[PDB]
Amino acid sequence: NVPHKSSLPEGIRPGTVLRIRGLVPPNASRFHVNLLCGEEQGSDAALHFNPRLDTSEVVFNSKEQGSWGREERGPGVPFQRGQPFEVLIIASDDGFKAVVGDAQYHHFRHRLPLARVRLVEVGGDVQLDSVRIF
């Protein structure tokens, strides 16, 4: 329904956890979690995490200067229509580790420097219960 967009006054440092709890709606096609490097339209994306129910895949990518990078795909799709979910996106010096439910899902190594991130957005077909930056 209502998407999330918030600024990060301390950015994302190693040891920062983004926790997203919500529910994939019955009619979901896809939704996204972005870690962006600016407020402006078309800012670079250090992380684009994109569960796609319509095409049965979870895509990870980065975006620089308006261009999407190399797509990575996670193993299987740990999201289903109508079902609650919990995602941790955990930053370290080496990359982002996505935890879905009770299982480590995918390790997305940094393409852009982590220190560039200063916005998080969550949107698309998703009902959010809570978005927290720890």
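We number the residues from 1 along the sequence you see. The term rigid core refers to the maximal set of C-alpha atoms that superpose within 1.5 Å between the two forms.
Asker: Name the stretch that deviates more in 6 other deposited structures of this protein: 7-15, or 106-114? Use RMS CA distance to the shown form, core superposed.
Answerer: Farther on average in 6 other deposited structures of this protein: 7-15.
Asker: Comparing 68-76 with 52-60, which has C-alphas lying farther from the shown form in 6 other deposited structures of this protein once the core is aligned?
Answerer: Comparing 52-60 with 68-76, the one that moves more in 6 other deposited structures of this protein is 68-76.
Asker: Take the C-alpha B-factors listed in the entry for 60-68 and for 25-33, compute each mean, and give the stretch with the larger one.
Answerer: Comparing 60-68 with 25-33, the higher mean C-alpha B-factor belongs to 60-68.
Asker: Name the higher of the two by mean Cα B-factor in the PDB entry, 36-44 versus 104-112.
Answerer: Mean B over CA atoms: larger for 36-44.
Asker: Sort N50, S92, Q80, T55 by C-alpha B-factor from the entry and give me just the highest.
Answerer: Among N50, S92, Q80, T55, the highest C-alpha B-factor in the entry belongs to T55.
Asker: Among all modelled residues of this chain, ranked by Cα B factor, put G124 in the bottom, middle or top third, i.e. lowest, middle or highest.
Answerer: Top third by C-alpha B-factor.
Asker: Could you place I12 in the lowest, middle or highest third of its chain by Cα temperature factor, using the values in the record?
Answerer: Its C-alpha B-factor belongs to the highest third of this chain's values.
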